[PDB]
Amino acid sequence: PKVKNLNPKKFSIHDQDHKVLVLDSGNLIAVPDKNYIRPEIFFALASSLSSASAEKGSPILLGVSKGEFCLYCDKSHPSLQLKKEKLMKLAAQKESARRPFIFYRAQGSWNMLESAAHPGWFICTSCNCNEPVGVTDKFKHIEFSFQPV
């Protein structure tokens, strides 16, 4: 019986200001990339949504700390958060439960990550260093370079 291998894509995330994503006291921040910096390694899994349009990107789940914590976007304004949950146990949840954790990926060498639970809200980094990673509906700082390891 044919089954999907479901191997997570392992990569670091760099923005256009050469800042890299790292985990600082349980929070995601963007820091100038340096030789002494250990970038956070993200684990990505394809996770389908039944309602999705043919023009949509590829729906994925995003994990951090060896896939022990998963990114979600939920609500005044929606915000990017981390939940202690194993990536593969999350992949096994029902559509409705996975939806807050799903992001749509749009790839030349750049990638955009749009929230599935809150369309129009994209994962972003600040112009400034050592600031948290968030979501934005205002469009420069949402194009990310995915570098594998």
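Residue numbers here begin at 1 and follow the sequence given.
Trainee: Mind giving me a quick count class for deposited residues absent from the model between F139 and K140? Options are none, 1 to 3, 4 to 9, 10 or more.
Mentor: Unresolved stretch here: 1 to 3 residues.
Trainee: Unmodelled residues of the deposited sequence between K75 and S76: none, 1 to 3, 4 to 9, or 10 or more?
Mentor: In the record, 4 to 9 residues between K75 and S76 lack coordinates.
Trainee: Mean C-alpha B factor from the entry: is it higher for 34 to 42 or for 53 to 61?
Mentor: Here the higher of the two C-alpha B-factor means belongs to 53 to 61.
Trainee: Looking at the entry, does 120 to 128 or 94 to 102 show the higher mean C-alpha B-factor?
Mentor: According to the entry, 120 to 128 carries the higher average C-alpha B-factor.
Trainee: Checking the entry, which one of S115, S109, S47, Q81 has the top C-alpha B factor?
Mentor: Largest recorded C-alpha B-factor: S109.
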